[PDB]
Structures are given as structure tokens and as C-alpha cells.
$ cat start.pdb   # PDB, C-alpha atoms
ATOM      1  CA  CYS I   1      -1.614   2.574  -7.449  1.00  0.00           C
ATOM      2  CA  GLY I   2       0.910   5.312  -8.143  1.00  0.00           C
ATOM      3  CA  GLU I   3       3.549   2.983  -6.776  1.00  0.00           C
ATOM      4  CA  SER I   4       7.121   2.359  -7.837  1.00  0.00           C
ATOM      5  CA  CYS I   5       7.933  -1.361  -7.525  1.00  0.00           C
ATOM      6  CA  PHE I   6      11.259  -0.740  -9.273  1.00  0.00           C
ATOM      7  CA  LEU I   7      12.714  -3.644  -7.334  1.00  0.00           C
ATOM      8  CA  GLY I   8       9.553  -5.707  -7.194  1.00  0.00           C
ATOM      9  CA  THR I   9       7.930  -4.932  -3.883  1.00  0.00           C
ATOM     10  CA  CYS I  10       5.516  -2.028  -3.543  1.00  0.00           C
ATOM     11  CA  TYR I  11       5.179   0.351  -0.587  1.00  0.00           C
ATOM     12  CA  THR I  12       1.411   0.912  -0.483  1.00  0.00           C
ATOM     13  CA  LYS I  13      -0.243  -2.051   1.238  1.00  0.00           C
ATOM     14  CA  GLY I  14      -2.644  -3.897  -0.996  1.00  0.00           C
ATOM     15  CA  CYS I  15      -0.928  -2.682  -4.133  1.00  0.00           C
ATOM     16  CA  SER I  16       0.659  -5.666  -5.857  1.00  0.00           C
ATOM     17  CA  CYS I  17       3.263  -5.075  -8.564  1.00  0.00           C
ATOM     18  CA  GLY I  18       1.513  -6.235 -11.706  1.00  0.00           C
ATOM     19  CA  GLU I  19       3.415  -7.889 -14.588  1.00  0.00           C
ATOM     20  CA  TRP I  20       3.425  -4.547 -16.443  1.00  0.00           C
ATOM     21  CA  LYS I  21       5.569  -3.353 -13.512  1.00  0.00           C
ATOM     22  CA  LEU I  22       2.639  -1.473 -11.969  1.00  0.00           C
ATOM     23  CA  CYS I  23       1.282  -2.053  -8.475  1.00  0.00           C
ATOM     24  CA  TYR I  24      -2.474  -2.498  -8.301  1.00  0.00           C
ATOM     25  CA  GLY I  25      -4.314  -2.232  -5.031  1.00  0.00           C
ATOM     26  CA  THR I  26      -6.541  -5.150  -4.179  1.00  0.00           C
ATOM     27  CA  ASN I  27      -7.786  -4.361  -0.690  1.00  0.00           C
ATOM     28  CA  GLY I  28     -10.960  -6.102   0.405  1.00  0.00           C
ATOM     29  CA  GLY I  29     -11.490  -7.272  -3.149  1.00  0.00           C
ATOM     30  CA  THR I  30     -11.298  -3.669  -4.314  1.00  0.00           C
ATOM     31  CA  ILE I  31      -9.017  -3.226  -7.303  1.00  0.00           C
ATOM     32  CA  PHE I  32      -7.486   0.162  -8.071  1.00  0.00           C
ATOM     33  CA  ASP I  33      -4.346   1.406  -9.813  1.00  0.00           C
TER      34      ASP I  33
END
$ encode --input "start.pdb" --output "C-alpha cells"
Amino acid sequence: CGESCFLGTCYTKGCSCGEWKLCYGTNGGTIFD
């Protein structure tokens, strides 16, 4: 996900801020940056 979890929380639902400070979407088991 082209997110920006600068603080920690991401905006796009499903996108979780990964350790490498990058939110990855995991909606319905579907993983996408």
C-alpha cells in the first residue's frame, strides 16, 4: 500500500504498517503493498 504510517497507523483499511515502516494490505487474506 502506498500508505504513510509516519506515526504508526495507516489510513487505508487493511493496510498494516509493516516493520519496514510500510503498510501492507491484507484484506480477505489478500496481501498487497
$ residues_around --input "start.pdb" --residues "residue 27 (chain I)" --least-positions-apart "5" --cutoff "12 Å" --atoms "only C-alpha atoms" --output "ChimeraX atom specification"
/I:1,12-16,32-33
$ residues_around --input "start.pdb" --residues "residue 21 (chain I)" --least-positions-apart "2" --cutoff "9 Å" --atoms "all atoms listed in the file" --output "PyMOL selection string"
chain I and resi 4-6+8+17-19+23
$ write_last_selection --input "start.pdb" --atoms "C-alpha atoms" --output "mmCIF file, in the frame of the given file"
data_model
loop_
_atom_site.group_PDB
_atom_site.id
_atom_site.type_symbol
_atom_site.label_atom_id
_atom_site.label_comp_id
_atom_site.auth_asym_id
_atom_site.auth_seq_id
_atom_site.Cartn_x
_atom_site.Cartn_y
_atom_site.Cartn_z
ATOM 1 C CA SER I 4 7.121 2.359 -7.837
ATOM 2 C CA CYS I 5 7.933 -1.361 -7.525
ATOM 3 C CA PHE I 6 11.259 -0.740 -9.273
ATOM 4 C CA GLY I 8 9.553 -5.707 -7.194
ATOM 5 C CA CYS I 17 3.263 -5.075 -8.564
ATOM 6 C CA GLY I 18 1.513 -6.235 -11.706
ATOM 7 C CA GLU I 19 3.415 -7.889 -14.588
ATOM 8 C CA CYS I 23 1.282 -2.053 -8.475
#
$ axis_aligned_box --input "start.pdb" --around "region 17-23 of chain I" --padding-each-side "4 Å" --output "lines of an AutoDock Vina configuration file"
center_x = 3.4
center_y = -4.7
center_z = -12.5
size_x = 12.3
size_y = 14.4
size_z = 16.0
